[PDB]
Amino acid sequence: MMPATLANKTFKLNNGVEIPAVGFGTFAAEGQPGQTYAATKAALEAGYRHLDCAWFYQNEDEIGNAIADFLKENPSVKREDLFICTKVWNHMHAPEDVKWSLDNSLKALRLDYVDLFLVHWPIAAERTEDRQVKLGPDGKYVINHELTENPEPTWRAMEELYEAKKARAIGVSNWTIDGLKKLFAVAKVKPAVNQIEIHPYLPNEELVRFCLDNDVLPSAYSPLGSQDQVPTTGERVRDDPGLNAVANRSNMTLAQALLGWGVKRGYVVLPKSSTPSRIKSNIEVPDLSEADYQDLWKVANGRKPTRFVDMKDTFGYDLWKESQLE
């Protein structure tokens, strides 16, 4: 346990809502039945008060039971003490489908409201009659270009959910700087959060700066970089000697140093794990010294950025227009 952990720290969103600086990522892209329940339960017991969820991962039902069981077991804690975030997927950007998606997520989570609701990608795709992702003849998402280029109808729907008090704050995920500029023009409620990939191999500094300078708070998914192993070089973030040197010299884990780096930059961090030992350890986020903070920055600044999450090939849509050359 870390008495000085920054797990007690919150940020204040531009509408006054407080968001815990550390949240637990619940994505379980590989099963099993019951694994999300155990992990979520472990996070709640370990002191997490921020849970990050999404319709896409199809496990909000297990999360709902975990929250309900945790609350039943711990009468001193109230649902209001938890910060719950979920997200609407790309095939559900039509206004009525946005509301349906939150209603569905609220049902599975066994909640009356969520603390944060996000548009998961700035990409609108067609859906099937039964509200699944419609696949085109190449097997990729079928893109609705009108709704993708002019997301106003989708955002109005988020605004209405927010005014209906079904979401205490609304935000975006994977939005770009230009995307934010376009949204600001048509938005009555400014997005409170932009959840994006942020870690030492992808510092995303220009977007992080633009958000902070504009009252949008970033939150970092993949804050540990994934163990996904950089594809053009075959190196892992968690094998990086510079990063490990800072952690080792300060008797902290590599993950804790990476999470402490993110909060120190001034944004939320959403570490994911299925492993109890790692769930427990990742809630112990240190307040980094100036030397540690700077040296991690040296690693980040000494290399070419590498984005681990790019669903180009699945979507049949290229948001970030990144190539081998150029």
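Residue indices: 1-based, along the sequence shown.
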### Average Cα temperature factor in the PDB entry - higher stretch of 35-43, 22-30
22-30
### Task
Higher average CA B factor in the deposited record is what I'm after, so tell me if that's 240-248 or 123-131.
123-131
### Task
Choose from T253, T154, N90, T233 the residue with the greatest Cα B-factor as stated in the PDB record.
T233
#### Entry: C-alpha B-factor winner, where the candidates are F117, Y221, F210, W175
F210
### Query
Comparing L202 with the other modelled residues of its chain, is its CA B-factor in the lowest, middle or highest third?
middle
### Task
Would you mind ranking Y141 by its C-alpha B-factor against the rest of the chain and naming the third, lowest, middle or highest?
highest
### Query
Which third, lowest, middle or highest, does the CA B-factor of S101 fall in along this chain?
middle
### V216, C-alpha B-factor rank within chain (lowest, middle or highest third)
middle
### Task
Comparing against every modelled residue in the chain, figure out the third that the C-alpha B-factor of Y113 lands in (lowest, middle or highest).
lowest
